[PDB]
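Worksheet: one structure, shown below.
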Amino acid sequence: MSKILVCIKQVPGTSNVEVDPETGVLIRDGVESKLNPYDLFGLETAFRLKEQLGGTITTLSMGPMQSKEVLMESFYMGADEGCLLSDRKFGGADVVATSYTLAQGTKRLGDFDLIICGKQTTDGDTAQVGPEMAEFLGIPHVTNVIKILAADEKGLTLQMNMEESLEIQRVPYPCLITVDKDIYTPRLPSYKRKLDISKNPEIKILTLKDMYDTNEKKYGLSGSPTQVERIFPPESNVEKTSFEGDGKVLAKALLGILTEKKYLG
Amino acid sequence: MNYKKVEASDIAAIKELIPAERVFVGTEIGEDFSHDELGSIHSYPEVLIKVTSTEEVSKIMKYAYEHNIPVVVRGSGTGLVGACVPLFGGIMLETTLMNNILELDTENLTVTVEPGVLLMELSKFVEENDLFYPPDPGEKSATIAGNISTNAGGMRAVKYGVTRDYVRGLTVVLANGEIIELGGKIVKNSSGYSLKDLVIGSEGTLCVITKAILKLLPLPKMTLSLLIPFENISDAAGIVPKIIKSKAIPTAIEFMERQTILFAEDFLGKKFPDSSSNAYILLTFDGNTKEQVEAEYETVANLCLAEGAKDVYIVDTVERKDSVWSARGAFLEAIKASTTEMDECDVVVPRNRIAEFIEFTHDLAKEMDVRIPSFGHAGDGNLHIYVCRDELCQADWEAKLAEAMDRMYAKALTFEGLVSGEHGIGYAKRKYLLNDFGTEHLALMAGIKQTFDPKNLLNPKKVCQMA
Amino acid sequence: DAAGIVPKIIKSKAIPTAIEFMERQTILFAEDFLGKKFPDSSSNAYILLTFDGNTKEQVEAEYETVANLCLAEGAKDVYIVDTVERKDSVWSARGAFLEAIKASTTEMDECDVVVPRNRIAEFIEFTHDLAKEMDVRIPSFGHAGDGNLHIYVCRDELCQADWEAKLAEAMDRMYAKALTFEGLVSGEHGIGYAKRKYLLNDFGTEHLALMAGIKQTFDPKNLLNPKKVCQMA
Amino acid sequence: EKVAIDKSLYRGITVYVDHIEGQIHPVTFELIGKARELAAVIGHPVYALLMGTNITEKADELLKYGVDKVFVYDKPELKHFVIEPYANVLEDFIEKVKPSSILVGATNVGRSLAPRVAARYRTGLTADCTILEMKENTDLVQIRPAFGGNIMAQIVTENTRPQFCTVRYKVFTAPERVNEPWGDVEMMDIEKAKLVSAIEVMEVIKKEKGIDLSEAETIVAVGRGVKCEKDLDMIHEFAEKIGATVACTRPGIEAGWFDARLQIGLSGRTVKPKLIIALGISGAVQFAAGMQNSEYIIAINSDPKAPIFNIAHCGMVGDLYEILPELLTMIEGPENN
Ligand SMILES: Cc1cc2nc3c(=O)[nH]c(=O)nc-3n(C[C@H](O)[C@H](O)[C@H](O)COP(=O)(O)OP(=O)(O)OC[C@H]3O[C@@H](n4cnc5c(N)ncnc54)[C@H](O)[C@@H]3O)c2cc1C
Ligand SMILES: Cc1cc2nc3c(=O)[nH]c(=O)nc-3n(C[C@H](O)[C@H](O)[C@H](O)COP(=O)(O)OP(=O)(O)OC[C@H]3O[C@@H](n4cnc5c(N)ncnc54)[C@H](O)[C@@H]3O)c2cc1C
Ligand SMILES: Cc1cc2nc3c(=O)[nH]c(=O)nc-3n(C[C@H](O)[C@H](O)[C@H](O)COP(=O)(O)OP(=O)(O)OC[C@H]3O[C@@H](n4cnc5c(N)ncnc54)[C@H](O)[C@@H]3O)c2cc1C
Ligand SMILES: [Fe+3]
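Chains E, F, C and D supply the protein sequences, listed in that same order. Quick note on the authors' numbering: the first sequence kicks off at 1 and runs consecutively. Quick note on the authors' numbering: the second sequence kicks off at 1 and runs consecutively. Quick note on the authors' numbering: the third sequence kicks off at 235 and runs consecutively. Quick note on the authors' numbering: the fourth sequence kicks off at 62 and runs consecutively.
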């Protein structure tokens, strides 16, 4: 409603990734980086709410100065203004330090009625920056939203899914939401909006000097409780096994395989 | 005429030439070999032979020429006009066991393939070697020699052309068993009559292709698509001469109206990214660097916005490309899921007459109360048009299908177009070829089949035969 | 070395408009005919490319790709031919190869065999061994991008009985060698009346019976241009 | 340099019990057998946290798996999962008991509740881990897939306690039930100001829609080997034993037995499930092009020369009409004797 924040991230353009056995760093093929497809559902969810409520949409990103391209890309889809969080002291962060500097950049940008994070990224896959960010803001949060039933000017009626149920909740403003895959079809970036000025917005960059808590122990690698020790390809093996001898000689072998894979059938 | 039925003495003489595990007789034929994707005609062959070599084909054609038995060659059974159906039920040669890619010449940029290499496994093989086979028919499980015999073309024909432009050489077997090499690994050819260009498009009525040499291109790295909404199909088809004359040639130019897109949304379950418009133009640019692809689409996008396009949408991401091209790729299956049965028309018109023919099928659909969805390629004039049965009874459907097909093939005759641009004539479109071309034009075609096949054994009553 | 760079040029995705090979002995004919020297003839073989485009930066990305590729694969130099006067200094030499060969001989007879592109250099070196053995002059050029070779046998000062014996032997051995190389008789000029015997040597009698039966379909009374191409081969 | 913590203060490994109004998710029992394995390396006890409204009689079910203490919060505001009463209780539980590690499931409740409390303590949390290794200096070593499963990552949390980790379902096995249960339940309490929430739940509706084929990770596919349409009732009861979506080949569409959105192949859906069971399907190139990237392919076919066995990870040669009803009697056998 009115003020809406969308947290978007720049990811590798493809996830087909392998590591060199003794570099320790990712063998990324190139750098044709993109906005992640899970945040396109978060941008599209904001666009349907802006067409119903008439407010504004702010995009927020944390990364290097190369991450200004996905802020311009969200502008071509229809975002009103953007904000980068580029600083050298913010790098090397885990989820706890990323969701802290995203919540510190939110308080600097003023109040928002709704923060829309995506389900997950495509490089980290942790799916937990969103719930950690709403803890630092102190706002309620609902994850895995597949449907917005009502879009009242004070709050939302949401459909949060589980593995086997559909919870229907009435959450008021201000709040964070985490939409998941295929809530809507995301609109494409318009070339007609690209030819406006370059785009009207002019991304506002923030550093550690601009935050209300300007102390680098809580940001970057210093505020990260976790760290990677090693990264390695997953060991997978294809075994072709045949089974002959009819009757329940095959049916015990099929039930022996379905119980070993915990299907219990 | 004069066709000898296959008897048990012919089974024994065939099983001396071919191993008996590749000969199928009677109840071990299978229902899949009695038809193709046309579905109207059904006819079993008496013998099904899965050949493996050129010399095995020539020994069968020597036997059938001596004993007066008709022969129908079959690939994957994919063609839509009844061309591989054995109406007289003789020998059926089946080539999907010859799926070997024989040679990849990286110096001449050619590939030598056997008949029965699928299009999905040839294009996978050459793209692992940074090469490119440009013709892309919509079904990738088709035999390469089936693409040569039907002159199969597709989406990339506006920039690259069809299968005819990439056949360098052929090894064919005539009806009497003679093995003929037609082209080669050369590039220029001016030595005699182009017999190779007669085999391309002949649909197995002249000879049996037993080897093919295909011209390859270097593979482009980058690929970007553009989605351009328009007010109607007349504005969408009219931008295509301006796009090509701006020297930024797209790889694919596809028009899609809103009614066809609503079928693909119901079939896939996902909405189209923007369907606030009635007609669309879906472009594709390719190249080797990101900057020269960006110079190509920005030329057309700055152009298209100046002649009444509502917007230009950039489709630059593998997720965005799959959101737009799986809707276009499922146009045929969405039309099939919405009806009881349908029939297919694939007229090609002049490119300035695309919009008048699409608007004609809208007036024809309202007049006859049938559903006629349509799409096609706006860069070459080929229109894929479907008459849907919906809920008509069998007597009313056969009268409404015959009237809707006759008026669409007569209108494409008035527009100076042809009967088929992709799929061929076969068995289904024979009378429309006799309406378009005269009797003197088809007497030249029938006299050429009498030269290659004087006993009329290689695929009887197809294309020109009894039009 | 000149014919071998052509697969590496095309596979670098910068497709030239024209790929011409010219040796030094053919260039020396055009220098005497035009009265002007070639801009650089310190080498024995040359590859003459041409790129086209719509902007200067698009052509510049095309030719710098191939020029970096040629210099890394054993080329002595790469010369840029960019202005109108420079193009007319190089392409008027190539455009006058046919007239310079005719001006240097009494009469000639020609050959336009197409071979596979990887067999261009073996056929050009074969005509040098054939010219040295038969003591005739065989100048040659052609298009290095498709395999068509324009080959000329000159009579020079031979007497009339010795010329028809040497022309028949030089033409028979060149059309038989292009048969061994899996090429054809003609790639440009056609068969006509002159090359009918070599078409019957390349293609079989069953191949020419299909051609003769097609002419019997279009022309049953045999009135349209008889005894040409697939007739009396 | 860095200030150090004393890890002797934080001991015990807590399994957060996941449930929906009493009925416990099976990911809880798999974590108890993993916690009893990990805490035996260090000598710590194994705890269980319980949150709900009427579930205090479900506590000794946790005691029958070897859990040392079952802390039960049984307030009436904990009926449906709202985050603020659930995160305030889990923060209150850490302030009293001080565990060393907390293992929760990878369910949508556990992927939502665990980051809210890990950010409140500014402690580490790893997502959907597959391998858990305990060090004897009380450091959990969490191995997790990343980049969509294209690489694995080794994560450690050396300073902050309690270290959180979410564990993927059906990776670890549930232990055997103990014959005598030891340990106790501990009824806990919290003030009612911590249990208020801005979010209020309207209703919890069961999912009553059939999943599309491209979203399914288990699929039973039938072919021309199934003769009549009434034999699908034997197959439809088999696919719900393992939760599979029933799909078919193109002969199944031409007979009208299935919707056209249930066809696998080039003319249908391209699928990548975790498990596909092909029943009477010869592996033709139009069908196999839509399912060859499955992670596990079981094929049941009478002809041993079928092309499905060139790609099947488990190739069973035999008739399906005698295997599957006899296997369905083997479904009731070990389960209900
Ligand atoms: C291989 C690997 C493994 C890792 N494992 C862990 C781990 O186990 N635990 C841990 O705490 N950290 C881990 N990290 C660190 C962390 O996940 C990332 O380095 C980084 O913080 C991005 O967060 P994310 O991908 O987890 O975001 P996610 O939680 O996966 O994404 C959720 C949403 O948050 C928003 N968002 C996320 N990152 C940003 C950003 N930078 N700017 C703006 N919006 C954003 C987006 O809307 C996104 O859709 C790992 C990193 C790597 C490379
Ligand atoms: C869903 C769908 C989409 C399609 N999309 C397109 C498309 O976009 N463009 C298009 O052009 N076509 C399309 N087609 C049809 C196209 O003609 C066929 O896909 C293909 O060309 C036929 O190849 P086949 O191997 O399937 O041939 P078959 O049908 O088996 O054979 C077709 C003809 O070729 C002959 N033949 C086959 N092999 C030989 C041989 N070795 N020697 C001589 N004759 C031979 C047969 O006798 C018959 O005359 C489509 C078909 C389908 C079902
Ligand atoms: C253009 C085109 C596109 C196509 N696209 C698709 C597509 O997208 N998807 C698709 O599925 N098909 C498609 N097809 C059809 C494809 O050819 C089929 O895969 C094939 O023809 C039939 O598949 P099937 O294995 O179910 O039938 P069959 O091959 O006839 O099945 C019989 C098999 O089941 C075994 N069997 C029989 N009885 C039993 C029993 N009691 N117990 C165990 N095993 C038994 C037999 O041994 C044999 O292996 C397409 C066809 C064409 C021409
Ligand atoms: Fe087409």
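A virtual CB, placed ideally from N, CA and C, is assigned to each residue, including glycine.
- Of all C-beta pairs linking the stretch 65 to 75 of chain E to the stretch 168 to 181 of chain E, fewer than three are shorter than 8 Å, placing the two stretches out of contact.
- When beta bridges are read from the DSSP output, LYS267(D) appears opposite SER165(E).
- Fewer than three Cβ pairs drawn from the stretch 139 to 154 of chain D and the stretch 187 to 203 of chain D lie within less than 8 Å of each other, which leaves the two stretches out of contact.
- Interface residue (Cβ-Cβ distance to chain C less than 9 Å): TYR193(F) is classified as such.
- Under DSSP, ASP105(F) shares a beta bridge with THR110(F).
- Taking the Cβ of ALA345(D) as the reference point, at least one heavy atom of ligand 3 falls within a distance shorter than 8 Å.
- Within the stretch 79 to 112 of chain D, the alpha helix (DSSP H) runs of at least 4 residues that lie entirely inside it are, in chain order, 88 to 103.
- Looking at the backbone, the Cα of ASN302(F) and that of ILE148(E) are separated by about 37 Å.
- Counting C-beta atoms within 10 angstroms of its own C-beta, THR317(F) has 16 or more neighbours from the protein chains shown and is therefore classed as buried.
- Cβ contact annotation for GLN465(F) (same chain, cutoff 6 Å, sequence separation greater than five): none.
- Taking the Cβ of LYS119(E) as the reference point, at least one heavy atom of ligand 1 falls within a distance shorter than 8 Å.
- With fewer than 16 other Cβ atoms from the protein chains shown falling within 10 Å of its own Cβ, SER53(F) counts as exposed.
- Annotation for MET112(D): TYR134, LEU139, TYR147, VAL150 place their beta carbon closer than 7 Å to its own, counting only its chain and skipping 5 residues before and after.
- Look at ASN382(C): its beta carbon is at least 8 Å from all of the heavy atoms in ligand 4.
- Within its own chain, the residues whose Cβ lies closer than 8 Å to the Cβ of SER67(E), once the five positions on either side in sequence are excluded, are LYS9, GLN10, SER61, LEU84, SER86, listed in chain order.
- Of the candidates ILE180(F), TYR166(F), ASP165(F), the residue whose Cα lies closest to the Cα of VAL172(F) is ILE180(F).
- When rounded, the separation of the alpha-carbon atoms in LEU283(C) and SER141(F) is 40 Å.
- According to DSSP, residue pairing for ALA279(F) in a beta bridge involves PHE230(F), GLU257(F).
- Between ligand 2 and the CB of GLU383(D), the shortest heavy atom gap is not smaller than 8 Å.
- C-alpha of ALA402(F) to C-alpha of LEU458(C): approximately 43 Å in a straight line.
- Chain order gives the chain E residues near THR317(F) as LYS34, where near means a beta carbon separation below 7 Å.
- A contact is defined here as three or more CB-CB pairs under 8 Å, and the stretch 170 to 189 of chain D meets this definition with respect to the stretch 224 to 238 of chain E.
- Taking 8 Å as the cut-off, one finds at least one heavy atom of ligand 3 near enough to the beta carbon of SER328(D).
- Taking a Cβ-Cβ cut-off of 7 Å, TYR280(F) has no neighbours in chain E, whose nearest Cβ is about 12 Å from it.
- Rounded to whole angstroms, the separation of the alpha carbons of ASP245(D) and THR117(D) is 12 Å.
- Put simply, the stretch 106 to 122 of chain E does not touch the stretch 241 to 249 of chain E. Fewer than three CB pairs are less than 8 Å apart.
- Runs of beta strand (DSSP E) with 3 or more residues, each lying fully within the stretch 334 to 361 of chain D, are found at 336 to 340, listed in chain order.
- Here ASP20(E) is exposed, its C-beta having fewer than 16 other C-beta atoms within 10 Å.
- Relative to the non-hydrogen atoms of ligand 1, the Cβ of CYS375(D) never comes closer than 8 Å to any of them.
- Residue nearest to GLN353(D) within the set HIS297(D), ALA373(D), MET263(D) is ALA373(D) (criterion: CA-CA distance).
- Annotated as distal: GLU359(C) and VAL387(C), with beta-carbon spacing of 9 Å or more.
- Going by C-alpha positions, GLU416(F) is about 47 Å away from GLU44(E).
- Residues of the stretch 189 to 200 of chain E with a C-beta atom less than 9 Å from some C-beta of chain F are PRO189, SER190, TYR191, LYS192, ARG193, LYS194, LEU195, listed in chain order.
- Taking the Cα of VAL348(F) as reference, the smallest distance to any Cα among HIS377(F), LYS336(F), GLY329(F), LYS188(F) is reached at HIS377(F).
- By the C-beta criterion, the stretch 104 to 120 of chain F is judged to be in contact with the stretch 132 to 147 of chain F, since at least 3 inter-stretch pairs fall below 8 Å.
- Residues of the stretch 259 to 274 of chain D with a Cβ closer than 8 Å to any Cβ of chain E, in chain order: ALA259, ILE260, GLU261, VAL262, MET263, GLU264, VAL265, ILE266, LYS267, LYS268.
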